[PDB]
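# dropping in the first section of the assembly, placed as in the complex:
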Amino acid sequence: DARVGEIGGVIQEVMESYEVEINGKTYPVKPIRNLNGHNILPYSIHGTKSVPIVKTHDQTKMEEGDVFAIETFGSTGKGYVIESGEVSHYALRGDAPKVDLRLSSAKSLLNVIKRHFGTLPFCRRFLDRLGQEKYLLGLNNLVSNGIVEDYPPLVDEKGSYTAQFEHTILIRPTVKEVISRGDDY
Amino acid sequence: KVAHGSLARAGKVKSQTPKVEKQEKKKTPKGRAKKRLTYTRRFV
Amino acid sequence: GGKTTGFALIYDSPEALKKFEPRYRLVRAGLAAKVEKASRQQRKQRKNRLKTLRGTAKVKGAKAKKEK
């Protein structure tokens, strides 16, 4: 029965009460407003629900049986990230449209991905260890055709510092179980 | 072009540019005095 | 500068002065005292209140005993 938009406001108010001196200048810590946690589904890292880290009017409620990844990010910069840099991360869309590919090279990679990774995310090095050496043409073609999604690195402004903490929690029928808790954090 | 594009890349260059500060310099005369200095350089 | 310009009035007799001078000038010289009155809005408000009474408006408490 907790309201996700109200949770976001509480998270923001605690973090924003802190400040940090770097090279003689004091910087307020700002939430990265366009990042959020999410629910987790079988074999699929992102579901349909979001957990913001600023106050919003999202009234969607958490329900018995759900599992959520609660993650927060703080920054000394603008509190906003953009995509920039070399791409390493990819994932096959489960809802990919049916397409016909003239290039035979793509036809082979598509079979490899479904049979090895399914909808689980993969990286370039996971292809190298399977003996794939001439795949960059086909991978870029699968992205352009809407079959594979790319996830470029996300960066704040140069000279800023960012930190992250995240846990997985199970909303069981009886009690809440914070499954990833350890003695470290 | 099903992809159409991606709006994430807005503001890439301005964000990643290095930041450098103003360095203090002497104040310049203003008003009638500033015109007097200009006249001397261009004709004397 | 060190120059100043004004206006002057010379009267035949002291009694003739008080007859023709405006009152506000007399207060400046101290000959006459100021008039004490209430502000302009309260006087206007009182005037309109008395248009609803007919005859001997000074005392109107005779109607207090109608309720018993």
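Looks like it came in fine. Numbers count the residues shown, from 1 in each chain, chains lettered A, B, ... in the order given.
# please make it C-alpha for all contacts and neighbour counts, starting now.
Fine.
# now for residue C:68, how many residues are close by?
Each residue near residue C:68 was counted by other C-alpha atoms under 10 Å in any protein chain shown, and the total is 4.
# repeat for residue A:38
Residue A:38 is surrounded by 19 other residues when neighbours are defined as other C-alpha under 10 Å.
# what parts of chain A come near chain B?
Proximity of chain A to chain B (C-alpha under 8 Å from any C-alpha of the partner chain) is limited to residues A:82, A:83, A:84, A:144, A:145, A:146, A:156, A:157, A:158.
# ranges for the helices of the chain?
Using chain A here. Ranges of helices within chain A are A:4-15, A:104-116, A:124-128, A:136-144, based on DSSP state H.
# nope, chain C please
C:14-20, C:23-29, C:40-49.
# need the ones you listed in TSV (columns: distance to residue A:20 and mean neighbour count).
Shown next, in TSV, are the helices of chain C (distance: least, C-alpha to C-alpha, whole Å; neighbours: other C-alpha atoms under 10 Å in any protein chain shown):
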stretch	distance to residue A:20	mean neighbour count
helix C:14-20	82	11
helix C:23-29	70	13
helix C:40-49	62	9
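# mind putting the helices of chain A in JSON lines, mean neighbour count included?
Conversion of the helices of chain A to JSON lines gives the following (neighbours: other C-alpha atoms under 10 Å in any protein chain shown):
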{"stretch": "helix A:4-15", "mean neighbour count": "16"}
{"stretch": "helix A:104-116", "mean neighbour count": "14"}
{"stretch": "helix A:124-128", "mean neighbour count": "12"}
{"stretch": "helix A:136-144", "mean neighbour count": "16"}
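# other SSEs contacting the helix or strand containing residue B:13?
Here residue B:13, judged by DSSP states H and E, is contained in helix B:12-16. Under the contact criterion of 3 or more C-alpha pairs under 8 Å, 6 or more residues apart in numbering or on different chains; DSSP states H and E, helix B:12-16 touches no helix or strand at all.
# okay, now the residue in chain C that chain B sits nearest to: neighbour count?
Residue of chain C nearest chain B, by C-alpha to the nearest C-alpha: residue C:1 (29.8 Å). Residue C:1: 3 surrounding residues under other C-alpha under 10 Å.
# quick check: phi and psi on the most centrally placed residue in chain B?
The centroid of chain B falls nearest to residue B:22 when counting by C-alpha atoms, centre = their mean (10.4 Å). Backbone torsions of residue B:22, given as degrees, to the nearest 10, read phi -60, psi 140.
# attach chain D to the model above:
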Amino acid sequence: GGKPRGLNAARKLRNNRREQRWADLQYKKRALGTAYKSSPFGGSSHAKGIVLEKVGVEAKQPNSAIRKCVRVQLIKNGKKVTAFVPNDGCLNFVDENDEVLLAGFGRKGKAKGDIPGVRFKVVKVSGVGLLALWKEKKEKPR
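Time to bring in chain D:
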């Protein structure tokens, strides 16, 4: 050559100028008042609207870029138009349902540059002013 030149032919000369004056394009649009009728703005300079979504528009043939326009519905009469957000990285300042204020490109009803089918630009967002936010002269209210 071929005009009437007599001393009592003032009627023909006056009538002729009135008829041929319609062939002008600048005068024809002024007399019929097309701006009052067809233009999304009611013959005014600015207008207020509500942002609906963020859209990217491709540049024309020689160029190659994404122009990052936006969709807006006018409060005054409920019409829907598209507007361009100037400067570098300014879409980041605008969210959904933000009450923007618009103006023209100055080409007087025609598209400017390589951007196709766009006639308006965003001047203010949340009543703060776009350019002031860009130079960090003000902070956007929540």
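# give me the buried positions along the helix holding residue B:13.
Within helix B:12-16, the residues scored as buried using 16 or more other C-alpha atoms under 10 Å in any protein chain shown are B:12, B:15.
# give me the next element, helix or strand, following that helix.
helix B:32-43.
# could I have that following helix exported to CSV, CA atoms only?
Only the C-alpha atoms of helix B:32-43 are listed here, as CSV (Å, rounded to 0.1, in the frame of the first residue of the first chain):
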residue,chain,number,x,y,z
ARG,B,32,34.3,60.0,-22.2
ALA,B,33,37.7,58.7,-21.0
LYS,B,34,37.4,55.5,-23.0
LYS,B,35,36.8,57.5,-26.2
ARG,B,36,39.9,59.7,-25.5
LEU,B,37,42.2,56.6,-25.4
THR,B,38,40.8,55.3,-28.6
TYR,B,39,41.4,58.5,-30.5
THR,B,40,45.0,58.7,-29.5
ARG,B,41,45.9,55.2,-30.7
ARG,B,42,44.3,55.5,-34.1
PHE,B,43,45.7,58.9,-35.0
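# show me what that helix is in contact with.
The contact list for helix B:32-43 (C-alpha atoms under 8 Å, 6 or more residues apart in numbering or on different chains) reads residue B:28.
# what parts of chain D come near chain B?
D:56, D:66, D:68, D:88, D:89, D:90, D:91, D:92.
# for the last one, grab the count of nearby residues.
This points to residue D:92. The burial count for residue D:92: 13, using other C-alpha under 10 Å.
# now do the contacts for the residue nearest to it when sequence neighbours are not counted.
Distance criterion C-alpha to C-alpha, 6 or more residues apart in numbering or on different chains; nearest residue to residue D:92, sequence neighbours excluded, is residue B:10 at 7.6 Å. Shown in contact with residue B:10 (C-alpha under 8 Å, 6+ apart): A:82, D:88, D:89, D:90, D:91, D:92.
# do that again at 10 Å, thanks
Shown in contact with residue B:10 (C-alpha atoms under 10 Å, 6 or more residues apart in numbering or on different chains): A:82, A:83, D:66, D:67, D:68, D:88, D:89, D:90, D:91, D:92.
# so what's the first one bridging to?
Beta-bridge partners of residue A:82, counted by DSSP bridges, are residue A:155.
# my read is that it contacts residue B:11, right?
Yes - with contact defined as C-alpha atoms under 10 Å, residue A:82 reaches residue B:11; the gap is 7.8 Å.
# what is in contact with these two at once?
By C-alpha under 10 Å, 6+ apart, the residues touching both residue A:82 and residue B:11 are residue D:92.
# with the structure above as the base, add chain E:
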Amino acid sequence: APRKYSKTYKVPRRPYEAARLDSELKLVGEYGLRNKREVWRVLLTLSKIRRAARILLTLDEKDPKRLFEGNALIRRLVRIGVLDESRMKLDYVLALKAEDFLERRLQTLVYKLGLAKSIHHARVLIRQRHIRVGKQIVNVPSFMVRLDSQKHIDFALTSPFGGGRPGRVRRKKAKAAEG
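If we add chain E to the chains shown above, we get the following:
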């Protein structure tokens, strides 16, 4: 409806012309003006005179309108001193130029009659309450001094240079050193 206003300058049509840009700057530096506006203002008041003379010149000779207004126009220019007595003719006012008007202003007249070392020193003395014409204290640099009043410019009676008492900082130094 009951209030009257007017503006005293005009703006040139072409903004960036090399020939015009340096010509005005020479005039500005010579007379120690503040900006280009005072140059344009002098040009406008000179243009009004030319238009009036040009209108009258196309009239017939000995026309009563030409005689009455022509004489009044000529007398005004002689009185202020921007036109010499050897040339009282309606044709000679057309030959007047900009530098003639700038000669007969209080800022330059201070320079010519001693009283100052630089033309920039004259202006700061005018704005401060030092110079007086006749018996009246003047703090307007563009006073446009008349002819017969030229022999009465002198220091103010209350100014430290023309009498009075020592100024603000001189008194403090004398008092501080005294005790």
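# ok chain E is in now, so what about what packs on helix B:12-16?
strand A:82-83, strand A:154-155 (3 or more C-alpha pairs under 10 Å, 6 or more residues apart in numbering or on different chains; DSSP states H and E).
# which other helices and strands does the last one contact?
Helices and strands touching strand A:154-155, as assessed by 3+ C-alpha pairs under 10 Å, 6+ apart, comprise strand A:82-83, helix B:12-16.
# in CSV: those, plus distance to residue A:62.
Formatted as CSV, the helices and strands packed on strand A:154-155 follow (distance: least, C-alpha to C-alpha, whole Å):
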stretch, distance to residue A:62
strand A:82-83, 29
helix B:12-16, 36
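# now for residue 75, how many residues are close by?
In the absence of a named chain, this looks at chain A. By other C-alpha under 10 Å, 21 other residues sit near residue A:75.
# chain E was what I was after
For residue E:75, the neighbour count with other C-alpha under 10 Å is 15.
# same question for the one 3 residues further on.
Other residues near residue E:78 number 16, with proximity taken as other C-alpha under 10 Å.
# so which bits of the host helix or strand of it are buried?
Secondary structure assignment for residue E:78, by DSSP H and E: helix E:64-80. In terms of neighbour count (16+ other C-alpha under 10 Å), helix E:64-80 has its buried residues at E:66, E:70, E:73, E:74, E:77, E:78, E:80.
# which stretches of the chain form strands?
This is for chain A. Ranges of strands within chain A are A:19-22, A:25-28, A:30-31, A:36-39, A:50-52, A:67-75, A:82-83, A:89-92, A:122-123, A:148-151, A:154-155, A:162-171, A:176-177, based on DSSP state E.
# can you look at chain E instead?
Along chain E, the stretches classed as strands by DSSP E are E:131-133, E:136-137, E:153-155.
# go through those and pick out the most buried.
When you average the neighbours per residue for each of these (mean count of other C-alpha atoms under 10 Å in any protein chain shown), strand E:131-133 leads with a mean of 21.
# hmm, who's touching the longest helix seen in chain D?
If you go by DSSP H, chain D has its longest helix at helix D:10-20. The contact list for helix D:10-20 (C-alpha under 10 Å, 6+ apart) reads D:3, D:4, D:5.
# wait, which of those is closest to chain B?
residue D:3 (60.5 Å).
# show the contacting residues for that closest one.
D:9, D:12, D:13, D:16.
# next, format those as a markdown table and append distance to residue A:35 and neighbour count.
Below are those laid out as a markdown table (distance: C-alpha to C-alpha, whole Å; neighbours: other C-alpha atoms under 10 Å in any protein chain shown):
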| residue | distance to residue A:35 | neighbour count |
| --- | --- | --- |
| D:9 | 81 | 11 |
| D:12 | 77 | 11 |
| D:13 | 75 | 12 |
| D:16 | 71 | 11 |
